[PDB]
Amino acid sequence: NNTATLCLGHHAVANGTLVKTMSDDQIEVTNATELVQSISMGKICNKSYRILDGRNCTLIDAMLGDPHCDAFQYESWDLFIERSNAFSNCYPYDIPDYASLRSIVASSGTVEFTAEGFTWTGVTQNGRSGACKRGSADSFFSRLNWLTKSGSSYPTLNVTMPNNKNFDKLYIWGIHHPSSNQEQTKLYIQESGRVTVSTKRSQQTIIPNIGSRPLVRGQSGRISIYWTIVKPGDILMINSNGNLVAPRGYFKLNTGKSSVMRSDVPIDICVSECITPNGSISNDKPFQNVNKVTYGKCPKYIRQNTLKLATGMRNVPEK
């Protein structure tokens, strides 16, 4: 024929897919992509961040120097992994505001320690305990110094250590609550102890409380742990009458990208930039539903397990 028909049209595919718009709950388009990461790798990737496996050790124990945590001295991390089955195995302790100290140290990204030459005259250093066995031998937290009488006295201790560095020093120290007056006087001459740690701008005094607590690794006594931050130009001063569990030095606070996370999933040899307790997750989608606890370059956690974004036109197969 001497005319013509010219038809206009668009494509379609056989197996299309449903999405939501402002107009429809469900409408078929040619293609779409998932915006929510639902699936985890199942392991924690050893790259690209520096991951450190607590194994049997909590972050705090690693830093105090519980003997079974000796392998962690010297270590630093982007992310420290704490396991459910971690245990303490030194002298039973407690920390008022444990969480804050765990956070401060986690954040700092190291348990590397810098010993200082504190001199403690008229007392015996390096107190040991059968609760805290390093080898066959009685021992103690490696970053702490248990002080007791020398001979038949324990004099008022009055010790300084100035901070002449560029940075804030973090000092960990403690006090011993014994289980009996007889054990009090035996270890420290005085019947009541005291510890006063001060700087130019702050101070904390603790008095120990004699008496039985439940037995833990053959001990009904306890140690309470405290910390003190000492600024540049400032001065640490320690004043004690008895019962002091003394610092051996300082931790350096770095301002860090570092953290700590509780997880039981194994660490394995792969690569990723976002970590959760369920394992590492992929990074390419904008949202995820795996865990609200994340570390690294992470999609944002939301409650939905799926969201479909159209990447093609309305799909209209033959009617």
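Between two forms, the rigid core is the largest collection of C-alphas that superpose within 1.5 Å. Residue indices: 1-based, along the sequence shown.
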Do the Cα atoms of 182-190 stray more than those of 86-94 in 4 other deposited structures of this protein, or is it the other way round, with the core held fixed? 182-190
Mean B factor on CA atoms, stretches 95-103 and 214-222, record says higher is 214-222
Return whichever of 67-75 and 133-141 has the greater mean Cα B factor according to the PDB record. 133-141
Thinking about Cα B factors across the chain, which third does residue 108 belong to? lowest
Relative to the other modelled residues in the chain, which third contains the C-alpha temperature factor of residue 198: lowest, middle or highest? middle
Chain thirds by Cα B factor, record data; residue 257 belongs to the highest
Check where residue 302 lands among this chain's C-alpha B-factors and tell me if it's the lowest, middle or highest third. lowest
Residue 81: CA temperature factor from the record, placed by chain third, in the lowest
